[PDB]
There are 2 protein chains.
Amino acid sequence: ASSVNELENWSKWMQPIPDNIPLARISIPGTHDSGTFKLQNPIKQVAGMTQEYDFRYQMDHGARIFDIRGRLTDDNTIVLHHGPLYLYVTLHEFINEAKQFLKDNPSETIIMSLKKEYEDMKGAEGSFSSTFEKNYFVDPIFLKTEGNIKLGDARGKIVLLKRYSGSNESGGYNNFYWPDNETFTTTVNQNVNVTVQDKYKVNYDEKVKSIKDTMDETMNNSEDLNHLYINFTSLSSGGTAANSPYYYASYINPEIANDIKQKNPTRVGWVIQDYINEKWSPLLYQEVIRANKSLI
Amino acid sequence: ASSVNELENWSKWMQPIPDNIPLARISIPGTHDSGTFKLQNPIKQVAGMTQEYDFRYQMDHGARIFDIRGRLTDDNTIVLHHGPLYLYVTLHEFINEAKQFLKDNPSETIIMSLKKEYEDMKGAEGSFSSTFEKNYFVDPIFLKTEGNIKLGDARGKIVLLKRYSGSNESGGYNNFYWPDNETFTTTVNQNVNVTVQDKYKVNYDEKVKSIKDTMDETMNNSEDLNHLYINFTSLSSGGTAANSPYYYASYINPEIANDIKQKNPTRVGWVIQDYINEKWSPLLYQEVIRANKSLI
């Protein structure tokens, strides 16, 4: 477990990385609106979908960060949504997929971002936060320690990245200030600061520039292990009249993947993208994983 | 006009083809809903568009067939539409672009399919057909002869492919039976039979199969100079909610282009596609043009 060649095994690429390395330092691929794969097929006539394949496909391709959007039902469960629409995927469904993947590849960790996507259904016993933490988070698969989480402690576990308020249970990355459609910097834990580029609805040119600017900042601070960088390459300029996410991703994915490959960086951050598949070249998630050669 | 190498010049690829060859026999690339390029950029937030670039770009990339959809205005002019949507492009605009292209590349011909896209605006002097023929068609740039039109008579002219009824002037291809969302066969003139694959809203798998079936048939009737084959690779399956033409084209264009390249046929027909650009490999229109190597 000490060969850069091991990074080529997309199901176990975190294996060769030293356990003392903070997850924040690792360049990690992620999927934006991860659970939208069941309604993505154009025949479904549903807009806003961002993935063609399921969670296991995403994980087997190298993704370790998942952007989960949930809604509390009146049955005390959390289901996945995209705005007001139910995605026909549940939170338990995602967790089970992550569990199996971790069982098959115990060298890896799964980072789960959880955000309240839609108002709770009327008649729900508790709140979104209380229901999640009490019925889901309590599961031992979820790492309950915090700080600048190290890969060593995360292996075989799901590390929560809170994007919901009202948390009362310790574990993962605390919820932090997340302004809308901006590139911002704030604090996360006592020993972790973060910079996020999440301009999800700006024009194409400003988006590519923003992705590159944030990657530049990431590289210029490559060995600052206490600074977290999250870079969303996903874009949806417009409302719904135009299901533009795929169009933009078809250009952005290859462009950014190529930019990374050409710069041969030592760190690119946590790159969250739309449409993980094998259609474009180079493959963004693969180039992101390869940027970890410096850590081997 | 002696080397197949000349087919590589997208702006003058018809130059090396013998003048006696009927246009129907030539394998010709075309663009579906050609004039939707001004509203295609996602920033315009308009669904259903099919081309990213203007007419000259399309022509400079090898397209010689243009799918023009017009509507008669109260000012007695014909403007381009997509259903009830104004495309901000006029018929005169297209004609002038074709005129300049033909002036710069006199070896080529431009085939203009013209369809009445939306009911006339109340208050118009005459009808769509009468207005078109009186204010546009009378121009000498439009070839006025018929029959199984030969490339020789078409060079330097615009050849009309009527998709509207009521025509009262000679020239180009006569309007013919065009059923909705089907693969059909009929007659244009007493000198030309026609087979058209235009299943614009069928599942993806049936679409690809239909394209290939019609293409195989074309190959099997490669020497039938009296049979015209029009094959639309464009697909928009799904309500307006899911602006999927680009999604489908991103898969279909490369898939069909590869199919042609591997089969190296002697004829593939008039292949009308969505999104002519330089993004995919192989390039469909390019392979369609190269299928004329045996005619040289």
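Here, each number is a calculation from the coordinates, and none is a lab measurement. All Cβ positions, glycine included, derive from the backbone under ideal geometry; neighbour counts span all protein chains shown.
Quick check on chain B: what does the Kirkwood estimate of hydrodynamic radius come out to from the alpha carbon pairs, in Å? Radius from the Kirkwood sum: 19.1 Å. In terms of surrounding Cβ atoms within a 10 Å radius of their Cβ, A:13, A:280 rank from fewest to most as A:280, A:13. Among A:215, A:112, B:219, B:121, the ranking by other beta carbons within 10 Å of each residue's beta carbon, starting with the fewest, stands as B:121, B:219, A:112, A:215. Shape call for the stretch A:46-136 from the C-alpha gyration tensor, a ≥ b ≥ c root eigenvalues: rounded (a/c under 1.5), prolate (a/b greater than b/c) or oblate? It is oblate, given that a/c is not under 1.5 and a/b is not larger than b/c. To the nearest whole percent, what portion of all C-alpha pairs in the protein assembly as shown is separated by more than 30 angstrom? The share of Cα pairs beyond 30 Å in the protein assembly as shown comes to 57 percent. Taking each DSSP H run with n ≥ 4 as -39500 (n - 2.57) and averaging over every residue of chain A yields -7000 deg cm²/dmol at 222 nm.
Modelled spin labels at residue B:139 and residue B:104, positioned 7 Å past Cα toward Cβ, are 1.7 nm from each other. Can you tell me the FRET efficiency between residue B:96 and residue B:6 if r is taken as the Cβ-Cβ distance and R0 is 35 Å, rounded to the nearest 0.05? So the FRET efficiency works out to roughly 0.85.
Bridging of residue B:144 to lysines at a Cα separation below 25 Å is possible for B:12, B:99, B:103, B:115, B:116, B:134, B:157, B:162, once same-chain residues fewer than 8 apart are set aside.
Take every Cα pair under 8 Å whose residues are at least 6 apart in sequence, average their separation, divide by the length of the stretch A:112-183, and the relative contact order is 37 percent.
Calculation over all alpha carbon pairs of the stretch B:82-236 in 5 angstrom steps from 0 returns a P(r) of 2, 8, 15, 18, 19, 19, 13, 6, 1, 0, 0 percent.
Other protein chain C-beta atoms within 10 Å of residue C-beta, averaged over A:239-252: 5. Using Cα-only point scatterers and the Debye equation, what is log10 of I(q)/I(0) for the stretch A:122-161 at each q in 0.17 Å⁻¹, rounded to two decimals? After summing over all Cα pairs, the log10 values are -0.52. Modelled label positions at residue B:263 and residue B:191, each set 7 Å beyond Cα in the direction of Cβ, lie 2.8 nm from each other.
With a 10 Å cut-off around each Cβ of B:36-46, the average count of Cβ atoms from other chains is 4.
Relative contact order for the stretch A:125-249: 18 percent, from Cα pairs under 8 Å spaced at least 6 residues apart, divided by residue count.
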